[PDB]
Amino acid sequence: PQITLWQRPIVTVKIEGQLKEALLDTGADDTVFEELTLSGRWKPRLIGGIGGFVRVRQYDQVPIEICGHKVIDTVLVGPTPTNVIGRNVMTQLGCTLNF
């Protein structure tokens, strides 16, 4: 697929049985969701963005279905105004910036 950027590049994901939408975000190192219940152990983490810092839970080896592809990666769960799919997942999608 090719995704133009006239609009926010939002995609539908399925993670641990839950359906969500998220922004394909080349500026995000990590994948981050606000309201997502994930199972298992997690480590406390702080990430920093434009308006300051938020405390998140780091969950590892989380299954994600996105763009006709199933991938497994680290998902951070914490306050964010927008769910974001980070480079960690995009490199696995074989996703590139082309122009």
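The first residue of the sequence shown is number 1, and the count goes up from there.
Here 25-33 and 65-73 are compared by their mean Cα B-factor, and 65-73 comes out higher. In the PDB entry, a CA B factor belonging to the lowest third of its chain's modelled residues is recorded for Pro9.
Annotation for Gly86: C-alpha temperature factor in the lowest third relative to the rest of the modelled chain, per the entry. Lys43 sits in the middle third of its chain by CA B factor, as recorded in the PDB entry.
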